[PDB]
Amino acid sequence: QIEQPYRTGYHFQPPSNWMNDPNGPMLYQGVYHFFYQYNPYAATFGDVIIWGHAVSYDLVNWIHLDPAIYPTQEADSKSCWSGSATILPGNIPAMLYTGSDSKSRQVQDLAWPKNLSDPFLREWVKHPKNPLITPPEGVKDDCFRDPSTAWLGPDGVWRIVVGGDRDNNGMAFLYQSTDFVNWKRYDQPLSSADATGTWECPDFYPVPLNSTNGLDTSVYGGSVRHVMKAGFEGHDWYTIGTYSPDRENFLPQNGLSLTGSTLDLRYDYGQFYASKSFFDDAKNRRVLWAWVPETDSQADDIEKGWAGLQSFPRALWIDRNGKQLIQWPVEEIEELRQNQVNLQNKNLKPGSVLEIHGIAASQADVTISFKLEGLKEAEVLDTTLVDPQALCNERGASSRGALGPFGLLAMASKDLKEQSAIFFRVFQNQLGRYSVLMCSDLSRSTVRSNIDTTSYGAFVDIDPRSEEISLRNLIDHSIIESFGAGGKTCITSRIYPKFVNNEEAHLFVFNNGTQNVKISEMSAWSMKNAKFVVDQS
Ligand SMILES: *[C@H]1O[C@H](CO)[C@@H](O[C@@H]2O[C@H](CO)[C@@H](O[C@H]3O[C@H](CO)[C@@H](O)[C@H](O)[C@@H]3O)[C@H](O)[C@H]2NC(C)=O)[C@H](O)[C@H]1NC(C)=O
Ligand SMILES: *[C@@H]1O[C@H](CO)[C@@H](O[C@@H]2O[C@H](CO)[C@@H](O)[C@H](O)[C@H]2NC(C)=O)[C@H](O)[C@H]1NC(C)=O
């Protein structure tokens, strides 16, 4: 009997209890700070939520500290909900977050460290005039929250967006300020969308064109595009566009308003929510954090004593084509790599399963690249309006095609009674144009009852004719993060196989299609544990 088989070895999570939204991520004086919605009293959401706090020098190894922000004033007496960090000139980190006041309404509060001499910024002081911002005229008391990191315009005026909705229409309410204390709502929202519901944890930032670097939030210009991100209808959506400080205008590149449909982009197509990014000027990259909810039952959570994980932090940038974002785990993760097992020029015949020996199958970093033959044999299927997730749930690893399913079997039992299959399928429309589907088939990830085993999928924007299909998987016990085509398509999965309680996991490569596929190259590394030190009480 293995203890806590579902706890991860290198993903961030508190010692125990419930954790959701990542809060105020930032880099300050050489230290990476991470905060998060935390329930000090249970492994479920609760009436009292506070900001947990941890610090790190590399985003991999962490030191758990005492919570940083917890109810101490009327403006946040019932709870301290999500917010973001902005480092103001003069080198002072300012935290804006949504507090639940004594009247149970959502208001925006300000706090900043009380002891800048402390490398870990443990103590925080709250502004005497909180709340700084209260719900606009026609907005309900519980539909106004999650202030973003602020950006300073060329006119010396600060901007921030706060999420909410006006009559069920998602809103990114824009506020302005020069002293960061007195804020005035701009006449029009920065962006919005009809019937989406409250926009949660909005994020607004620039990305450099033709570059894999990150930018400080306040950069603007012609060689820069902006990303408007918001969570609603259960997922995190984003759209790339152009921002004009002058008129506070955000113009979507594709001219669409978010609808939460297969028409819009997401950072990740699996369990991924309340994502928040920050600029890291030490490495000149933008890092993205995201809450990964549990998919087991609440009773299971209370039983194991904890709930919620954070995705492994990923660098973020805009693709060469400028039509979507690219994500990739921060390079620091590579330091966890131990022994390596590699394969090259290996054919995977139809219906075959190849086991990868010598790897810690429950805690690994696996990359594989497939070279295809006989593309003309791809099943004919126009995918213009097809819902990729629906398609993966309809056709799992057991549904045999021509090109596909071929990919990986992770967190699998020796007898394959339980397995999580991450794979691809290749289709072509009537005109001979190819499309690529990436799937995380979780239908057989566990034999346990009361586990949400819904599968996830998304189309990958690559040309199978000229580029091999690559896949990287971060396997860490109850979480699997899959990156297709170098980060073009990401899918995070939560799995709870029963076998992990008594036996070891296995890793396989497979091809259940009728066409042959070749592994041009595969690299697998056992990953050692990240260190988590407690410096509390
Ligand atoms: C992909 O290749 C096979 C394509 O179907 C798939 O076969 C599995 O095993 C048999 C077919 O050989 C079938 O199992 C059926 O019978 C069992 C009896 O216990 C039922 O429980 C199943 O639901 C099903 O009716 C299925 O076709 C399939 N079984 C399943 C779903 O596990 C292979 O499993 C596939 N290979 C991989 C690596 O996924
Ligand atoms: C402000 O932060 C500094 C830096 O952490 C604190 O100073 C340290 O305090 C501990 C405990 O008293 C000592 O063991 C260290 O030697 C101190 N180091 C430094 C840099 O002086 C300081 O105590 C904090 N101030 C307050 C009000 O708590």
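Atoms within a ligand are numbered from 1 in the order they appear, just like the ligands themselves. Along the sequence shown, the residues carry numbers beginning at 1.
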Nearest protein heavy-atom contact for atom 37 (C) of ligand 1: which residue, which atom, what distance?
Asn512 ND2, 3.3 Å
Atom 3 (C) of ligand 1 protein-contacted, heavy-atom criterion under 4.0 angstrom
yes
Quick one: does atom 18 (C) of ligand 1 have a protein heavy atom under 4.0 Å from it?
no
Evaluate the side-chain proximity of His33 to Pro93: yes if any heavy-atom separation is below 4.5 Å, no if none is.
no
Judging by distance only, is a nitrogen or oxygen of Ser398 under 3.5 angstrom from one on ligand 1?
yes
Looking only at heavy atoms, what is the nearest atom pair of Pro147 and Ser82, with distance?
CD-O, 3.7 Å
State which residues pass salt bridge (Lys or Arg N to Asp or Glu O under 4.0 Å) with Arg448; sequence neighbours excluded, sorted by chain then number.
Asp300
With the threshold set strictly below 4.0 angstrom, can you tell me whether any protein non-hydrogen atom sits that near atom 8 (C) of ligand 1?
no
Is it the case that over 12 heavy atoms from other parts of the model lie below 6.0 angstrom from the CZ atom of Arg400?
yes
Taking C-beta and beyond as the side chain, do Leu437 and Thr383 meet within less than 4.5 Å on heavy atoms?
no
Minimum heavy-atom distance between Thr149 and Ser84, given as atom pair plus value:
N-CB, 3.4 Å
Quick check: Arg444 and ligand 1, any N/O pair under 3.5 Å apart?
yes
Which atoms of ligand 1 have any heavy atom of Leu409 under 4.0 Å away?
38 (C)
Report yes if the distance between the aromatic ring centroids of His64 and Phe12 is under 6.0 Å, otherwise no.
yes
Under a 4.0 Å heavy-atom cut-off, which residues neighbour ligand 2?
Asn115, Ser117, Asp118
Check whether the ring centres of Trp124 and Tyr97 lie less than 6.0 Å apart, and answer yes or no.
no
Shortest non-hydrogen contact from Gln428 toward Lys376
OE1-O, 3.1 Å
